[PDB]
Amino acid sequence: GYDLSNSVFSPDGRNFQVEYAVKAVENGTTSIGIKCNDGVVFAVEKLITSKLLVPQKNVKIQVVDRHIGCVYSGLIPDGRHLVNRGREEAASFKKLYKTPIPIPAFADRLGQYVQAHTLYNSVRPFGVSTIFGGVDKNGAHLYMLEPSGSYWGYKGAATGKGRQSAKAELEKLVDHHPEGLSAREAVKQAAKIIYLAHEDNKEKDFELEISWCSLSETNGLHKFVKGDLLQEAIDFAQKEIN
Amino acid sequence: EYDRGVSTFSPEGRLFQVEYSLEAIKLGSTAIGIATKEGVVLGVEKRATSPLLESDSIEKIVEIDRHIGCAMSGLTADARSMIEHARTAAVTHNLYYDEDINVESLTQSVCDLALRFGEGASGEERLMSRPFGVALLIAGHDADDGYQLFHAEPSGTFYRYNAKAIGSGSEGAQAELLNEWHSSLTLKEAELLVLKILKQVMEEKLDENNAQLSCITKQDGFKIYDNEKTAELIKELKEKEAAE
Amino acid sequence: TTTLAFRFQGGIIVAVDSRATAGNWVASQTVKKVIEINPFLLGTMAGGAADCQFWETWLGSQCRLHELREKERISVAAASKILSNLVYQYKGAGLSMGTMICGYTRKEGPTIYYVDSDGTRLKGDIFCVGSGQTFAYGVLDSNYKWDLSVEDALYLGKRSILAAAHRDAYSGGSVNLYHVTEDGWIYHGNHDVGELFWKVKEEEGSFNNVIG
Amino acid sequence: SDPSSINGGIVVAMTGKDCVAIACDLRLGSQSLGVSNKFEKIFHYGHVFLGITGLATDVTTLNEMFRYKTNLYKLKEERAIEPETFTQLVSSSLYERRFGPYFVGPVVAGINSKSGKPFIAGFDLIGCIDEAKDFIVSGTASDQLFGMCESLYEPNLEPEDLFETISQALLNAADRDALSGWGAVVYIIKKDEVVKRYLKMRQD
Amino acid sequence: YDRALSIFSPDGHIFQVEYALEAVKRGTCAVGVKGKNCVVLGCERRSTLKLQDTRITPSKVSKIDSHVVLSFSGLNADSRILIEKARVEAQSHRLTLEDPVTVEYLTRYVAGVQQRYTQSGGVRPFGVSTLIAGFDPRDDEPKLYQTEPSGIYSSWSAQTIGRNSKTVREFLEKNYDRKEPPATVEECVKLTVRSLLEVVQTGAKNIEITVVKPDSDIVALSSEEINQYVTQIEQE
Amino acid sequence: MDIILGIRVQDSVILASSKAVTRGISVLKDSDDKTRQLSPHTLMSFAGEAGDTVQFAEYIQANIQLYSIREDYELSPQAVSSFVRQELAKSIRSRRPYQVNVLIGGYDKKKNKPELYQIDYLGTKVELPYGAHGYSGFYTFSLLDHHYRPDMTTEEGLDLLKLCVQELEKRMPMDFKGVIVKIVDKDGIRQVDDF
Amino acid sequence: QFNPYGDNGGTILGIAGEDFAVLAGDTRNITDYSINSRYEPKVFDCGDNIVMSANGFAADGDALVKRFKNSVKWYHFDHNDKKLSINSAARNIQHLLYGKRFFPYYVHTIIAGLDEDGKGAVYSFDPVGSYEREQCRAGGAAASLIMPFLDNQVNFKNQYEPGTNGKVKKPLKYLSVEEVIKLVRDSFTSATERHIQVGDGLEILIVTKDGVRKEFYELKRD
Amino acid sequence: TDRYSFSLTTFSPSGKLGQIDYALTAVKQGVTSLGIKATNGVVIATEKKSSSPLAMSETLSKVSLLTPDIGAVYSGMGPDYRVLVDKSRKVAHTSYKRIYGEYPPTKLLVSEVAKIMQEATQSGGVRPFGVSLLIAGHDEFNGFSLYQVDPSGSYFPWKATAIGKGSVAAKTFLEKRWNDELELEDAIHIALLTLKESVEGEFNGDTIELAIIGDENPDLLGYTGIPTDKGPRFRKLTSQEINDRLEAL
Amino acid sequence: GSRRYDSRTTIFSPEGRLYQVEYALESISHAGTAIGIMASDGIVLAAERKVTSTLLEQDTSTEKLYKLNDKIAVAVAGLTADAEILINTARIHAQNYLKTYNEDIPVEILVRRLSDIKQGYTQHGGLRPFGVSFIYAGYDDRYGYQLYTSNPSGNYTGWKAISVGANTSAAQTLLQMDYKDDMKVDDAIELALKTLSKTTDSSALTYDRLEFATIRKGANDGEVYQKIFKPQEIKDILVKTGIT
């Protein structure tokens with residue numbers, strides 16, 4: 001009763017099926033997003049379940065337009081399908097208005113779609129939380145999109161198993177910096193709080209991936225972090241937790 | 001349960017209605033088939049039940065085209081859809097290329113029709129709710145690999161066989177095929193082999209108004225043998241049971 | 001272009017030319033205008049080269065499809081009226097059609113039908129269709145007989161195409177002869193118009209306006 | 001040519017007092033050829049009378065079209081249709097084919113049965129309500145009729161002064177036109193009885 | 001719509017076909033006998049109730065051609081859909097192919113409707129089992145077919161469908177030779193009446209006979225004509 | 001335009017049609033029926049614009065027979081002509097106008113009176129006691145209006161038809177190579193070998 | 001106003017052999033009196049011993065080749081590695097042509113190769129559909145300069161045995177691949193001089209079952 | 001997919017359609033409404049009730065105009081009346097003011113709205129509007145008429161009727177009070193009196209909504225100068241006017 | 001769930017019978033008696049309303065008799081609501097046939113048409129059938145007066161006298177004992193009323209609860225004139241039969 005679909009509704013004012021789908025995201029990989037003054041630094045845990053895997057070749061990071069990074073947790077196919085839909089939407093905006101789509105605008109369009117599948121019985125609710133943001137002319141933005149189809153602005157966000165660990169540290173990071181911090185320094189902090197959020201994932205070993213969109217380094221374009229810069233971040237985090 | 005949906009998986013790991021399709025071949029009047037390199041013979045039972053049946057106009061032998069023959073066994077409500085589709089497919093090939101269609105390619109096309117269960121799966125149009133309930137023994141000759149015999153399932157899967165027997169008596173037939181198939185058979189020795197395996201799974205007197213033989217030969221085309229020829233072959237089998 | 005077919009007692013002789021042009025200039029001298037619809041049916045190419053061939057290939061597809069479904073060979077009446085309706089659709093969309101479907105059977109005999117682009121279905125024992133049909137008619141119908149030998153019928157087919165080649169600019173090439181019988185069509189080879197002319201001039205005494 | 005003036009046909013109608021009258025010619029032809037002298041253009045649904053001119057096939061298709069509609073109305077309200085509601089209906093149905101338009105001129109003539117008021121209306125090809133209380137004429141020699149009916153008439157005729165003027169007006173227009181005349185029929189329409197009277201006219 | 005109604009059964013069956021065949025049991029009873037020069041289709045009418053006109057009640061054998069008739073067993077509502085559909089096929093076959101319908105063409109057609117509605121989700125097959133008989137043009141050979149609400153068809157020399165078709169079929173086995181149909185028109189009509197006199201009875205008020213003979217000859221024989229054959233059977 | 005004459009007499013209808021086939025500037029056939037039974041007591045002859053005529057006659061034949069067999073009753077000539085009028089009216093609007101001129105002659109059994117109709121390609125049904133189409137009709141109408149008496153017999157109408165054809169041969173520059181003559185009477189549809 | 005067809009000239013020649021076939025063509029592309037390109041063969045190998053050139057209006061001709069080589073792929077995939085015939089090739093091209101027959105193409109298409117008898121086979125197509133088997137057929141703009149000459153040296157048309165004076169025709173010959181290369185080169189060199197849509201290069205393709213050879217010869221620049 | 005195209009109405013095994021019985025229950029949870037047809041007018045009346053005392057009931061309408069001479073009033077659910085009255089207005093204009101160029105007859109309109117109900121019992125993703133409407137009107141062809149529209153999708157003409165949860169009480173009150181000949185003034189006095197026994201709120205003209213389809217008004221027509229044309233037969237009475245009639249009981 | 005809430009009511013039951021069709025016949029026994037009697041000079045249709053009240057206006061009520069065309073009217077027994085949709089489809093179809101053939105629709109065709117719509121609801125869409133039963137009075141010149149009942153399955157049965165609705169069995173026994181094949185419209189008017197008096201749904205039969213209509217060939221020139229009596233003209237005939 002009251003989960004047989006999503007046009008059932010309970011006398012509790014809850015939809016159960018949709019709350020259940022948040023539990024799929026709780027079974028995902030840890031992913032964080034730090035809203036910086038001049039950008040956003042995303043980082044995502046990529047588990048090494050075998051030495052059979054090929055490192056930094058399976059991206060959970062797909063770019064939309066050119067300046068919006070999208071990274072997610074939960075059911076990996078469902079989130080890649082969500083981002084495929086939103087890449088079509090990004091193109092349409094660029095077509096009609098001859099400008100890259102803003103971050104608040106991109107959020108609204110994704111939110112309607114995920115919101116639609118929790119009303120129809122012909123299409124299955126989502127089981128993804130996506131953390132996405134970037135830099136446009138209206139500033140840096142960071143958004144977290146629930147599978148229920150909710151989003152807000154954030155000074156810090158997380159999802160996945162280790163969302164507890166990430167969030168607690170972001171409180172302290174907002175107490176370190178009561179306006180925020182540079183994108184450059186947040187490379188070292190995105191790694192740091194992934195490495196603390198791997199204490200619910202220290203059964204395994206992982207490959208650290210970091211991506212960023214920042215005005216001050218990449219000129220507000222979404223690019224990947226890697227090379228010497230990535231290894232500096234890894235060394236930072238390694239020393240912090242030891 | 002899991003048969004109330006159209007694509008709904010069951011703990012099994014495979015479709016339940018599809019199993020029921022395999023158990024609808026076991027309601028068909030046995031169709032037996034022996035392939036050799038001298039031509040391929042298809043026989044079939046008809047099933048008299050009355051002296052009021054007209055049986056020499058009823059047959060489970062079907063012509064798909066000049067160079068491809070077919071025998072069907074199972075639910076024949078389903079087989080009407082599939083045979084008409086086979087007939088179009090062959091003619092389309094000859095329209096498009098002015099060329100003979102391979103036995104393998106023709107069979108593969110009919111398997112594509114067989115996979116049309118669902119009403120909301122993929123993009124391709126669903127013209128059914130469920131699977132079919134009939135298997136085919138599409139025999140033929142193409143000029144690439146010579147004579148061929150394929151057995152097509154209502155699943156949407158096909159295997160090349162050298163001999164296959166479908167229908168109700170399929171297991172009892174298939175036991176005889178293992179011991180009686182060899183590569184040094186002839187066209188006529190194959191033809192007597194059909195009737196031997198058919199006689200055991202026949203529930204009546206084996207005669208020529210409840211059995212039909214057909215060949216596919218390169219140089220004669222597809223010929224459906226007349227009941228005179230069937231009657232002769234039947235009698236000579238009893239002479240080779242007068243040798244034991 | 002000249003295609004003709006005529007009934008008699010023996011069945012149908014189909015006789016056609018092989019010159020096809022493109023503009024004033026002669027594209028080909030070996031373009032067959034007979035489309036074997038199947039082993040018991042012949043069709044002739046006249047009208048659009050494209051349209052006629054395509055649709056008589058498709059007619060043979062539909063012929064096989066009748067034959068498997070009923071288990072009996074198609075009626076010739078049935079063949080002609082299948083083709084007609086479809087062209088009538090492309091009536092007001094511009095297709096070009098003229099074929100004579102020729103067949104001989106066991107339940108109506110030899111029958112010729114003329115199918116048009118407008119969608120006509122005409123019965124007749126004679127048709128000549130093409131750009132040199134007026135010269136085919138003259139000589140053919142003066143020597144026509146329902147009582148006719150098969151040997152004689154082949155010579156009359158030759159002679160009608162040979163007349164058309166003489167006068168018409170687009171006609172000529174070679175002659176292909178077929179005798180459709182009940183058992184199906186038999187092919188009697190290809191005979192060059194260019195060698196036919198001088199032989200017949202000697203033999204019959206005809207073409208005495210031409211110098212020689 | 002114009003597919004309205006290819007078969008001609010003409011309708012005259014005049015008001016009186018406690019009467020209306022509509023009349024037509026029987027000539028129906030195709031182009032130059034006269035086809036029939038056995039074709040009436042006046043039809044009636046209840047106490048409304050419909051005359052229709054112009055293109056032949058549209059004369060007959062609209063005759064059965066208005067019959068389709070008035071049957072529905074009659075069964076529904078269980079009363080006769082009024083001249084005024086019929087006008088509105090005619091105007092709307094002509095405007096349905098705005099593109100690929102109808103090629104006729106329907107003429108509405110009746111007597112309002114709730115006041116006793118004579119009532120006429122005209123329509124054109126795309127159809128618009130054309131009120132008057134003197135005469136409404138439509139067709140091809142409508143032009144001719146417009147002069148002729150103006151000249152003869154003086155307001156609110158008697159039923160038989162009405163018949164004498166209306167008979168003239170048609171015959172002289174109708175033999176003054178190639179695709180009209182060939183006989184004539186006149187309905188004199190009172191509140192209670194309708195007399196249908198043929199006119200002997202010269203065969204043209 | 002697409003919600004399945006034809007669902008696969010654990011017998012290797014379809015639920016809607018098994019029900020259709022129960023419907024043919026509730027139906028009327030049509031009998032078919034092929035002679036050496038005739039087909040005879042006799043059928044049960046339901047009119048046991050008094051004060052019922054029989055001029056205007058739909059007939060249970062309806063003519064689709066000039067020598068091909070369509071008769072039925074099962075529901076009275078659903079039978080009419082195949083009948084109206086068969087007439088459109090008849091006029092289409094004459095337009096595009098020329099020559100009256102053969103029995104065989106119509107046998108395939110009627111099966112294609114039942115078969116199409118069996119396989120698809122959204123349509124159920126009609127609960128109507130049919131006998132198609134008649135002649136083909138330029139053939140004095142009687143053709144007798146049966147189609148069933150599966151979409152399967154099979155030839156017969158004689159047949160019966162509908163209620164207690166088992167009982168009637170057993171009586172017709174002994175009074176019918178495959179090799180030797182009734183060579184007389186009269187004995188063929190008397191054979192179909194006897195079969196009807198098992199289940200149908202009611203004098204002759206539920207008994208109908210339509211005889212079709214070659215040369216485009218369909219004749220309908222009323223209650224009055226049928227009595228004549230009954231008394232001969234009683235004496236016999 | 002191919003010959004198509006109608007003459008309604010007072011116990012039958014007599015229809016006649018041209019045997020000649022002309023496509024282009026060449027006669028292809030000089031003996032070919034151009035008439036088809038619609039009903040066992042209604043006949044339709046057709047002429048007009050090549051190849052439209054052929055198709056639409058077999059189309060209408062199918063339509064009327066569909067109703068006639070379904071209900072086991074044959075439609076009156078009046079009803080049949082109205083149906084044909086309906087399609088034609090519709091067809092000129094349609095993508096391809098159909099140019100088909102038909103005389104539908106039938107013996108009404110309902111009212112037990114012959115009826116003859118002239119239907120143009122526009123789609124206007126008119127009852128007449130005689131009819132025609134094409135240019136040929138231009139010459140015959142004055143003859144028919146001269147010799148028609150309202151108490152006609154079948155043989156007087158055959159004799160009048162012979163006159164119409166002789167006049168046609170003189171004044172029309174086209175050969176129609178004789179006519180086929182058919183009678184639609186209460187006894188069926190029959191052919192006469194008089195021309 | 002827009003006319004979506006044009007002309008880009010060029011010329012082709014396909015000759016059926018007895019165990020070979022040659023399809024040759026020019027590498028000059030033009031539009032009226034302007035030379036578009038000096039080198040750009042229109043004569044493509046399509047694989048599996050079939051060569052196709054669709055010559056004339058280039059845009060249409062290219063489209064036909066793209067789709068045809070797609071059909072080569074789909075023939076191996078969906079007919080289970082069946083080797084493409086010349087026969088099967090011909091009819092398939094005819095469907096791509098009759099399709100846009102009401103929005104006409106404007107190429108003259110020729111295929112060449114060997115049929116499964118092991119002899120040369122050439123089929124040539126009109127611009128909407130229909131094709132017929134020929135021995136020699138030219139196409140393109142210079143087609144009618146090249147055609148009668150090829151017939152005289154291949155089919156021995158209007159040639160007679162010496163001193164019989166038109167009584168005994170000089171029979172059909174035996175062709176070899178070498179011989180025909182000589183005829184092709186001679187004819188196109190004349191064509192360059194007497195026609196302006198021909199020149200710059202000549203690429204003769206030879207097809208056997210021993211492989212396909214591409215051989216380039218220069219022509220004049222005029 | 002979305003395979004809802006199967007009806008959500010189904011026959012019950014002792015007869016009768018279960019879904020519309022359920023909707024008829026929804027009519028008896030709604031307000032009360034009534035109509036008395038006079039011989040020189042019609043009066044219709046209903047009770048107003050609010051979700052908050054801070055809600056205005058001077059902006060609350062439960063009597064709506066379909067066409068100028070024809071009014072409607074509901075009992076049942078608010079939401080179900082709100083969409084359906086818009087559809088009643090719509091079908092008067094699409095099918096009789098775009099075809100017959102005038103406002104439809106009262107008989108005619110009532111029939112068309114029952115078709116709309118009838119397809120809300122057919123097919124999935126719909127269920128019938130759970131209201132009964134009284135459609136009082138005047139047309140020039142059937143006179144005054146008073147109708148009751150059922151959630152069945154049936155209609156009946158009446159002489160005086162009631163709907164709502166207090167309908168049975170109201171029609172028994174009206175049984176003695178109806179006569180062959182009535183005055184409109186007397187009709188109003190009966191209407192307010194009948195509704196006094198079925199209203200548990202105030203009985204002031206603030207909370208009693210009163211409307212007449214009495215005699216026509218050509219000064220509310222919005223133009224003048226065609227005598228021939230007639231104005232609204234409807235006239236909603238504002239709150240003060242309703243109070244004057246309460247003293248005149 | 002877009003199949004979890006579907007119950008399947010377009011399916012047969014194990015008997016071969018549709019659930020919803022069986023239930024519909026019950027819900028039509030709720031509606032009052034409706035009678036058709038075929039004399040020879042006309043058809044009498046007489047129906048007693050299924051609702052009555054004294055503040056109900058019954059002098060303009062149409063709830064049983066409706067004209068489909070000028071020679072064909074129906075009596076309704078079932079829901080008014082359900083019947084209305086079919087009544088307007090009927091009007092369109094009858095007039096469509098008049099529009100194209102310029103001839104009024106025979107009774108047979110129209111009856112068959114409405115029946116197809118009822119069967120169509122059970123054939124597909126998952127739709128319920130409209131539970132209506134009509135008693136058709138119709139004239140055509142080919143069978144004269146024709147009388148029919150159609151049921152909510154979509155089937156039609158010819159009759160001489162027939163009743164649907166409340167007290168269907170009782171009404172029928174009265175018709176059987178009293179009917180002559182030589183009855184006039186007068187005889188049938190008196191028989192109809194007396195039958196309604198024993199199958200009455202109050203304790204008294206009253207003119208204002210009766211709709212009564214005839215179709216009479218008495219009307220000159222061979223025309224058939226349908227007259228739907230006013231309750232004040234039904235009163236006159238209620239005094240004839242002496243109920244009052």
# chains A, B, ... in the order shown; residues from 1 in each chain; ligands from 1
call {"tool": "closest_atom_pairs", "arguments": {"of": "chain F", "to": "chain D", "cutoff": "7 Å", "atoms": "only C-alpha atoms", "output": "JSON lines"}}
result
{"residue": "F:89", "atom": "CA", "partner": "D:57", "partner_atom": "CA", "distance": 6.3}
{"residue": "F:122", "atom": "CA", "partner": "D:57", "partner_atom": "CA", "distance": 6.2}
{"residue": "F:123", "atom": "CA", "partner": "D:57", "partner_atom": "CA", "distance": 5.5}
{"residue": "F:124", "atom": "CA", "partner": "D:57", "partner_atom": "CA", "distance": 5.2}
call {"tool": "select_by_dssp", "arguments": {"residues": "region 14-183 of chain B", "states": "strand (DSSP E)", "output": "ChimeraX atom specification"}}
result
/B:31-36,39-45,61-65,68-74,134-142,146-152,158-160,163-166
call {"tool": "closest_residue", "arguments": {"among": "I:164, I:204, I:192, I:65", "to": "residue 33 (chain I)", "atoms": "only C-alpha atoms"}}
result
I:164
call {"tool": "residues_around", "arguments": {"residues": "region 180-189 of chain D", "least_positions_apart": "3", "cutoff": "9 Å", "atoms": "only C-alpha atoms", "output": "PyMOL selection string"}}
result
chain D and resi 7-10+18-29+36-38+40+42+47+110-111+140-141+159-160+162-163+166-167+170-171+173-177+192-204
call {"tool": "interface_residues", "arguments": {"of": "chain B", "to": "chain H", "cutoff": "12 Å", "atoms": "only C-alpha atoms", "output": "list in words"}}
result
residues 118, 119, 120, 121, 122, 123 and 126 of chain B
call {"tool": "write_last_selection", "arguments": {"atoms": "N, CA and C atoms", "output": "PDB file, in the first residue's frame"}}
result
ATOM      1  N   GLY B 118       6.422  -7.990 -25.670  1.00  0.00           N
ATOM      2  CA  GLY B 118       6.471  -6.659 -25.120  1.00  0.00           C
ATOM      3  C   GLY B 118       5.477  -5.744 -25.768  1.00  0.00           C
ATOM      4  N   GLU B 119       5.192  -4.657 -25.066  1.00  0.00           N
ATOM      5  CA  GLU B 119       4.325  -3.580 -25.492  1.00  0.00           C
ATOM      6  C   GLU B 119       4.853  -2.293 -24.857  1.00  0.00           C
ATOM      7  N   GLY B 120       6.146  -1.987 -24.987  1.00  0.00           N
ATOM      8  CA  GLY B 120       6.758  -0.850 -24.327  1.00  0.00           C
ATOM      9  C   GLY B 120       8.256  -1.013 -24.146  1.00  0.00           C
ATOM     10  N   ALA B 121       8.736  -2.171 -24.584  1.00  0.00           N
ATOM     11  CA  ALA B 121      10.158  -2.374 -24.733  1.00  0.00           C
ATOM     12  C   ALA B 121      10.636  -1.823 -26.059  1.00  0.00           C
ATOM     13  N   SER B 122      11.918  -1.535 -26.084  1.00  0.00           N
ATOM     14  CA  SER B 122      12.569  -0.771 -27.121  1.00  0.00           C
ATOM     15  C   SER B 122      11.655   0.031 -28.017  1.00  0.00           C
ATOM     16  N   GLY B 123      12.341   0.507 -29.055  1.00  0.00           N
ATOM     17  CA  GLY B 123      11.885   1.424 -30.060  1.00  0.00           C
ATOM     18  C   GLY B 123      11.054   0.806 -31.150  1.00  0.00           C
ATOM     19  N   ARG B 126       5.845  -2.973 -31.468  1.00  0.00           N
ATOM     20  CA  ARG B 126       5.360  -4.243 -30.955  1.00  0.00           C
ATOM     21  C   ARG B 126       3.966  -4.492 -31.493  1.00  0.00           C
TER      22      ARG B 126
END
call {"tool": "closest_residue", "arguments": {"among": "B:112, B:74, B:54, B:35", "to": "residue 142 (chain E)", "atoms": "only C-alpha atoms"}}
result
B:54
call {"tool": "interface_residues", "arguments": {"of": "chain B", "to": "chain G", "cutoff": "12 Å", "atoms": "only C-alpha atoms", "output": "number ranges by chain"}}
result
B: 92-109, 112, 142-145
call {"tool": "write_last_selection", "arguments": {"atoms": "C-alpha atoms", "output": "mmCIF file, in the first residue's frame"}}
result
data_model
loop_
_atom_site.group_PDB
_atom_site.id
_atom_site.type_symbol
_atom_site.label_atom_id
_atom_site.label_comp_id
_atom_site.auth_asym_id
_atom_site.auth_seq_id
_atom_site.Cartn_x
_atom_site.Cartn_y
_atom_site.Cartn_z
ATOM 1 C CA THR B 92 11.614 -9.034 -50.995
ATOM 2 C CA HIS B 93 15.089 -10.515 -51.349
ATOM 3 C CA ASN B 94 14.357 -11.494 -54.935
ATOM 4 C CA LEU B 95 12.889 -8.018 -55.549
ATOM 5 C CA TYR B 96 15.963 -6.275 -54.130
ATOM 6 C CA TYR B 97 18.712 -8.392 -55.594
ATOM 7 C CA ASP B 98 17.317 -10.693 -58.252
ATOM 8 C CA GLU B 99 19.036 -13.393 -56.291
ATOM 9 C CA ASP B 100 18.331 -16.421 -54.116
ATOM 10 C CA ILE B 101 18.046 -15.839 -50.392
ATOM 11 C CA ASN B 102 20.248 -17.916 -48.103
ATOM 12 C CA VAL B 103 18.516 -20.420 -45.874
ATOM 13 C CA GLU B 104 20.330 -18.938 -42.858
ATOM 14 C CA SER B 105 19.337 -15.346 -43.713
ATOM 15 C CA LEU B 106 15.710 -16.281 -44.350
ATOM 16 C CA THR B 107 15.504 -18.083 -41.015
ATOM 17 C CA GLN B 108 17.124 -15.161 -39.196
ATOM 18 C CA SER B 109 14.469 -12.815 -40.560
ATOM 19 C CA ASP B 112 13.182 -11.223 -35.839
ATOM 20 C CA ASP B 142 21.400 -22.232 -51.273
ATOM 21 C CA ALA B 143 24.379 -22.235 -53.587
ATOM 22 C CA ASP B 144 26.846 -21.175 -50.898
ATOM 23 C CA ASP B 145 26.788 -23.918 -48.314
#
